[PDB]
Structure formats: structure tokens, C-alpha cells
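One chain follows as C-alpha cells, the form deposited in one PDB entry.
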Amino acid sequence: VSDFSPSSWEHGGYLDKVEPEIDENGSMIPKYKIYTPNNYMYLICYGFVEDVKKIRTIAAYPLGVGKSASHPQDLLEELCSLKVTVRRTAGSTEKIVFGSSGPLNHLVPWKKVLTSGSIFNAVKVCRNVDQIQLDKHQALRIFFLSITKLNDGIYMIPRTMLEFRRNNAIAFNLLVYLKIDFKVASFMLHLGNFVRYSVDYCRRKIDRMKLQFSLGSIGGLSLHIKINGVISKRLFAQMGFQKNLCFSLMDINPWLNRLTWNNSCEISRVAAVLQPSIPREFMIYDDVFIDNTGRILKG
């Protein structure tokens, strides 16, 4: 467990609070913000969920990655002219369903999401889903469009994560602390394994990497790592031109949304946690409801 220097997160370690703005005459004026931690763009908008004037709550509507040359003000204005419905319902978990909208022009790169209904896990796109009505029609009045520019870099979600188990190796784990306007949350993630080399030797290799950490708004909150120094011949062959790693933090740690919602978020500490790797023989139990017989749960 060795701490990185604060300079490694100073430049981009801050994510601004999502907030509506007013014009000179007090009317809400939609806005956008671009994070670049420029044609591939991730879009996520925020709006008021209202009756069809009464404001029930705020909700996020992720649109995903699209390739576009349109100016962000044209993406924003077209988005605010759409009629987006909001429903609170359930599948396995409680859901927020956004209705279909159209026609599109500047937003055609995000048509897969916008032109048909979209079902989201309510916990990832809203803190207080219980405020959305079940007996009244609801609609989204968008006030902010968050944009994060991507480089077609390594972008991770739980299903694309690689195997972390290894038998004779040192795991390079990363412990990150977030200060929320103060409340402090922390999480750990596995970066890789240094296959067998002492823990101190591994630390010197990590110092030479000159890692930089920053935050983005992919999924509402993402962690971006950039290698500004040097890496091994084996890791260099695996990665090639890739120097950037990005993690969708609301998909890995959905519990973060309840904490960062409607608040500013910033990296306050980052530490390398070098531990023996978890052996391949150990069993992964993602679900606590385990069935050792064959009779209660299939495969």
C-alpha cells in the first residue's frame, strides 16, 4: 500500500456538480459541458421529472457513445425539443423507462437509444425513484447535457473486465478515495497482475509508469488512467498504442450514485495496493445465494 503523489490527480480529478442554470430573466437555460480526460462522444442528459408543472425529482437519461461532427449546442437544442416520457416500473429490479422520441437529425448517431423505449436500473439514473408517480403521466424537461469525448483507448464495464485470478503473481490493486461536497467514499479495483519480483520492485515499476488519474462523466461518473511514463515489454505488446484505461464507475459500483447525486465529486487520494494474487482455484461467488446441490438453481 503506497500512495501516489497528489500531482497525479490535480489536473482532471474533479467532476462538477450537475445543476440547472438561469438566464438574465430567471428562466432555465439548458447547458452542456465537455470532459476530455474529438468525434466519438458519450452523451448523458439530466432533467426534471414532472407531471403532464409539479416537479417530482431529477433523472439521468444516458444516450451512449455516438460518432458525430455536430456542434454540442445543436445536439443540446435538438435534444431539448424532443418529447421524452418517464415511467417508474419493474423488471428484476425497479426501473425508469424513457419513451421513444423523434424525428432526429443531429442526434441520429444516438438513434438506437432515442428511437425506441429504454429500460434503465432506477438506482443508476435516479437517487429517489419513489418520488416518481405511478398514478400520473410523467415527462422529462432536460436542463443539462454532459458530454465525454472518447478515443477509439480501453473502456471497461463489468462484462468486459478480464480475469483477475492468477497463481504465482502480485496483484496491482488501486484504492481510490472520492471527496463529495464533506463525505468521503472509497473503492478498490484490480488493474492487473505482475506475473513471477518483490513488492518494492513492483513499486519502482509503477513509479516509472507516471500514472495520471482523472474523472469523466461516462455513465454519470468515470475514472480515467493515463500512462505518461514507461511500461514493460510484455504490457507494451499487450497494449501497443493504448496508454489510457477508463472504468464506468456507476456500472462497477452503482452504490456511488446515491452519494455523488446532485453533488460535486473529486479524487482526494489514490494508492497502489500490492497484494498476492487471488489463486485460480478460489471460487467466485457474485451471488450470495449459493446452491451446492443441483436442485434449487440451474447451472
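Here, rigid core means the biggest group of C-alpha atoms that superpose within 1.5 Å across both forms. All residue numbers are counted from 1 along the displayed sequence.
The same protein also has a form deposited in another entry, omitted here; what follows describes it.
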- Message: Listing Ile132, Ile147, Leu211, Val176 as candidates, which single one shows a C-alpha movement of 2 Å or greater between the shown form and the other one when the core is held fixed?
- Response: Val176
- Once you line up the core, how about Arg159: does its CA shift reach 2 Å between the shown form and the other one? yes
- Message: Rigid core aligned, does the Cα position of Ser70 differ by 2 Å or more between the shown form and the other one?
- Response: no
- Message: Superposing on the rigid core, I want to see if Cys265 changes position between the shown form and the other one - specifically a Cα shift of 2 Å or more.
- Response: yes
- Query: How does the CA gap of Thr160 and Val65 change in the other entry versus this form, closer or farther, if it moves 3 angstroms or more?
  - Reply: farther
- Report the direction of the Cα distance change between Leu162 and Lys67 in the other entry, compared with the displayed form, as closer or farther; the change is 3 Å or more. farther
